[PDB]
RNA sequence: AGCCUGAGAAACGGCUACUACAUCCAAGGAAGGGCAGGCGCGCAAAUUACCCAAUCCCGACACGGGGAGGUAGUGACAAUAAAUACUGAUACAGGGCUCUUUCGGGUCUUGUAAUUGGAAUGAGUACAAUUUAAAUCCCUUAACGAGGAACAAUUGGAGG
Ligand SMILES: Nc1nc2c(ncn2[C@@H]2O[C@H](COP(=O)(O)OP(=O)(O)OP(=O)(O)O)[C@@H](O)[C@H]2O)c(=O)[nH]1
Ligand SMILES: [Mg+2]
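Chains as they are written, first to last, in UniProt numbering: chain A, 575 to 648; chain B, 43 to 109, 116 to 144; chain C, 8 to 239; chain D, 40 to 314, 323 to 340; chain E, 737 to 824; chain F, 18 to 176; chain G, 8 to 99; chain H, 274 to 327.
This is the structure in structure tokens:
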């Protein structure tokens, strides 16, 4: 038989802009940002990422380009 | 100003209340009167939606403006004892 | 009402007896040269725990000092005062050690029956009778006529009669009760008069260490004859 | 130099806007209102306050209650009933407010509603939060946690660092006398009220005693007719006009003054009586409550 | 010290009033200055509703304000308004 | 600066710390130890001060397990790294021993009280596990992986 | 429930026996010092009305519990040798 | 061992002794990185030098 | 300014007269002088807490009395530690990312407001027991206690 105070007034949120759960937990943000920045790393240079698979050599799985040199010219 | 960081003042007249474009600097500016000197200076309210909040003859606290009318030095930080950003965000009600 | 640290460091209190420490009451022994009865019971012997417990034990006739029942809590018992407790039937005696701290010794009745007290002085009392002042503030009327100052007396403790005496002698073994070399049992080898105040004795140990202590601090225990059971 | 910076910042905190005071040398009793949700015991706090002040065990204290608290100034208490009409009237007229909070139950819409109405019309002289029903706790951990979070939410409501007192038990049906004694210690030594422009431009009063003047012949001729009314109280704001004043009895309507009879106080205030000692006398601890018992 | 100067001008004016009518009883203090604040007063009002007089409860307090000449006129009030933050 | 930013992020990700506050804390203690080693190298060889203090410092670092037992020289004490301290942290040690599937799984395990170090359980993951204490890191006796009750959601599923 | 006793002293002049009790409850909550007196009464062949206990800190990690109990030769001895607060905690 | 000597309980450390050990750790040059203590390189090292020369 | 007790005081404890104040009254008269708290602008922020429980002190005296002593409460001024989630499976889409050099290069597994499955639980709620003068805290500890619309992470900056 009493008027309960609702959650907005119980914590005066107001008009703050909306954020994400990745932003709400500061560890997860630095997990998701790191995995994304690890993904970008494989797109510029290359990572070893294991040797030949257990199945054996199945060809250079993504293309061979002839006119491309990638050595650091001393 | 003076030797202090935040000076108090009275809102004398919201000059440029009848500007057309909403975020014009002449729209945002507010003429106030610093109490410690009895002086007349001009300060910026950070948004027109908060120029709606500032009322005439109110103890208005103002500070420096560090970064359309280049040279206005002061900006309004508090109104009647309440933080102005909180007023605009609708956190507290302005005590009059 | 001094602090525990400002209390004398040779009747020991650990780091948990509180910031305070009892002061001894007025009695025979001096203030600096005293061990109070509550500290003897509950801090050294630990036959009780609390001030109220020691109050109850001392209130019933259960602790006897020098043959007489002692009631109050902080009766001073400084040096070589026998403490007979009958419910354990033990007798404790207070000596020092080489470092200079109170050491308690357990004794039975045969050696507990007598005391060994140093003579403070001798005069003639009222009526023309010679009387004898110990360091225990005990006065013996009608003494042996050979017992001068700085003698030592074996005392009956039941009739207070002068049972025996030991003479101040070069070539005798002693115990020190003061000075920077306090508590170093050794033999007196030399006496230096220095007439005009503060005569000195030169006292070496049984093991070749010489040092200078003053006669007032010197306390004769016996030539060889350690009449009290020193701890082994 | 940093001492000069601190001194300048303190003076720039000290300044204000120069508003008109308009307070007379014989000051009217300052208004202490008691506002809370229903069933929190604002009537009981009124009983125990008036008992600490004038030693009278009021069985049913109603209406305004005037008490002298110093040799210079005097207060009067009004409990607000549980209707928002009385809440808005007393809110716009109040000077110091005791905002009751029901403890374990937390905040209530009545409290937040009154706080916002108060801050919108005019922030009064002093506001204090009082927090009750603290005997209704089983673990003191929960007790102090509720106290801390309620103090924080209340601070964010009105301002940083407001006074929030705690009243534990209900001993004699009255309150803990020590608790209300320190409360009265806070609300005894007082400062001049905040000079709001509405109270300092309009003349207002709170009706201490109300009487019906009607000829019983007129009563017999028409049971529903225009009756004349005697309202006795304290003129508080600016000065009334000499004649032809318009009034608006809050919750009735606009009327005109037929007669003003000026008359001396029933709480005479020893400064005004003798018109440099500290204590108050049992000659001097009065009470004026013409509607209560 | 512009603040203290303005407050001292306000106090000079608040002294000049009551110093300019601390001079005569009936003409000034009763007729000119009205009935000053703080003093106790009995008010006789004529024409109050009998429904009020019957339903008068002692709990609900009675507040009397002064209606001024501007407060007695009807017209179109143009206001700046805003909904409350917590209103649904 | 981008170099310090990407470096701190690499450390955080490969050892999933919470924040660069924790990173700077490890950097601070690493800098203090490295400074002490620098002063000891400022002293000359066969001086008793350097001899005893450097032997003490190397023995502390070995007995907490950062410096390898092979190299025991002050040049390698200079070459000590925050990557080595973070490899000695407890959370990465759970992940490397293989009680967890991932480093964040190790973090949440250590938070909700499943692993123990020796005899008492350990609630904090920034614990610096000594080399003598490394081998005794297992599930606690009150954890549903170690024994005890079948647990909360298993209880609600069994009901 | 399982009991160990170290440092047991007769205290003859206070007429009381002081021992440090290492009681261990495995898999149970704490020991209920009333029940501890009830056990120690027959564990040292005396009356429950002449035993008391205090101290009683529970060790870290559960299991061990270190308490200090006292057995007096007579209930009257307990009455005139106990402090009032321990007497009230006992209930006499 | 003191607690078991005369089996009296001890009050868990008070504000005075706690603030004293707090000001000592604030003024000292020690740090506890792991299980072992690290010390600053001043008067301790100087004592090593003095003792070795002596 | 003078005096009084007492082992110990020129006690400020008392008195005596003068001076300077202040209170009660039936106007004849009578007694009395310190510290702590709040404001010190009109706008501000650490308790008017509990017990002598232990150490210690004073008494006719085991029992009476202690303004030292401890116990408690507040704190984002700092400082210390670290929650707000962990891990699978399936289906579907083919692009994701990058650059010096830009209508131009490089690299290859990436996502989804998709669909379901797992486990773990500590904040909190809390029977008790313990702690202690009495309580709290600490240690024990039965029973509860996670699906986002929640057990509800913020503050600033840039940009569509
Ligand atoms: N235990 C406990 N009871 C309380 C407390 N405060 C109020 N009460 C009880 O709750 C009742 C509240 O009554 P009031 O305070 O008079 O309510 P009111 O608003 O003042 O007056 P009403 O209009 O009649 O409600 C009192 O009668 C008390 O018996 C409290 O702090 N603790
Ligand atoms: Mg009421």
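Cβ coordinates follow ideal geometry from the N, Cα and C atoms, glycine included.
Item, Value
"Chain D contact for residue 587 (chain A) (CB, 9 Å cutoff)", "no"
"Chain-ordered list of residues that sit, by beta carbon, closer than 7 Å to a heavy atom of ligand 2", "D:81, D:82, D:85, D:118, D:120, E:795"
"Distance between beta carbons of residue 206 (chain D) and residue 171 (chain D), contact taken as under 8 Å", "5 Å"
"Of the residues B:131, B:137, B:119, the one placed nearest residue 83 (chain B), counting alpha carbons only", "B:119"
"Spatial distance of residue 36 (chain G) from residue 177 (chain D) (CA atoms)", "22 Å"
"Counted within 10 angstroms of its Cβ, other Cβ atoms place residue 119 (chain D) as buried (16 or more) or exposed", "buried"
"Residue 122 (chain F), enclosing beta strand (DSSP E) - first and last residue", "Unbroken run through residue 122 (chain F) is the alpha helix (DSSP H), 120-128; no beta strand (DSSP E)."
"DSSP state of residue 306 (chain D) mapped onto helix, strand, coil", "coil"
"Coarse secondary structure for residue 65 (chain G), derived from DSSP in three states", "strand"
"Interface positions of the region 288-310 of chain H facing chain F (Cβ-Cβ less than 9 Å), listed along the chain", "304, 306, 307, 308, 309, 310"
"Close beta carbons around residue 168 (chain F), own chain, < 8 Å, minus the five adjacent residues each side", "161"
"Cβ-heavy atom distance, residue 175 (chain D) to ligand 1, below 8 Å", "yes"
"Residue 66 (chain D): CB within 8 Å of a non-hydrogen atom of ligand 1", "no"
"Residue 139 (chain B) vs residue 85 (chain B) beta-carbon contact at 9 Å", "no"
"Contained alpha helix (DSSP H) runs [length at least 4] in the region 67-147 of chain D, N- to C-terminal order", "81-93, 123-132"
"Cβ neighbour criterion (16 or more within 10 Å) applied to residue 59 (chain G)", "buried"
"Span separating the alpha-carbon of residue 155 (chain F) from that of residue 134 (chain F)", "7 Å"
"Status (buried if at least 16 other CB within 10 Å, exposed otherwise) for residue 18 (chain C)", "buried"
"Residues sharing a beta bridge with residue 43 (chain C), DSSP", "C:83"
"As assigned by DSSP and simplified to three states, the class of residue 250 (chain D)", "strand"
"9 Å Cβ cutoff, residue 818 (chain E) in contact with chain B", "yes"
"Neighbour-count burial assignment, residue 90 (chain G), 16 or more Cβ in a 10 Å radius", "exposed"
"Minimum Cβ-Cβ distance from residue 252 (chain D) to chain E less than 9 Å", "yes"
"contact_flag[the region 101-120 of chain C, the region 294-303 of chain H] where n(CB pairs < 8 Å) is 3 or more", "no"
"Neighbour-count burial assignment, residue 335 (chain D), 16 or more Cβ in a 10 Å radius", "buried"
"Three-state secondary structure assigned by DSSP to residue 255 (chain D)", "helix"
"Contact test: residue 20 (chain G) Cβ vs ligand 1 heavy atom, cutoff 8 Å", "no"
"Residue range of the alpha helix (DSSP H) that includes residue 789 (chain E)", "786-790"
"Proximity of residue 107 (chain F) and residue 79 (chain F) at Cβ, strictly below 9 Å", "no"
"Contact list for residue 590 (chain A) against chain B, beta-carbon separation under 8 Å", "137"
"Contact with chain G by residue 316 (chain H), beta-carbon distance below 9 Å", "no"
"Selection of the region 67-88 of chain B by Cβ proximity to chain E, strictly under 8 Å", "77, 78, 79, 80"
"Secondary structure of residue 72 (chain G), DSSP reduced to three states", "strand"
"Contacts of residue 757 (chain E) in chain B (Cβ-Cβ under 7 Å)", "None at all; the shortest Cβ gap to chain B is about 29 Å."
"Same chain, Cβ closer than 7 Å to residue 88 (chain C), neighbours up to 5 away in sequence not counted", "72, 73, 101"
"Proximal chain E residues relative to residue 297 (chain D), where beta-carbon distance stays under 7 Å", "780, 781, 782"
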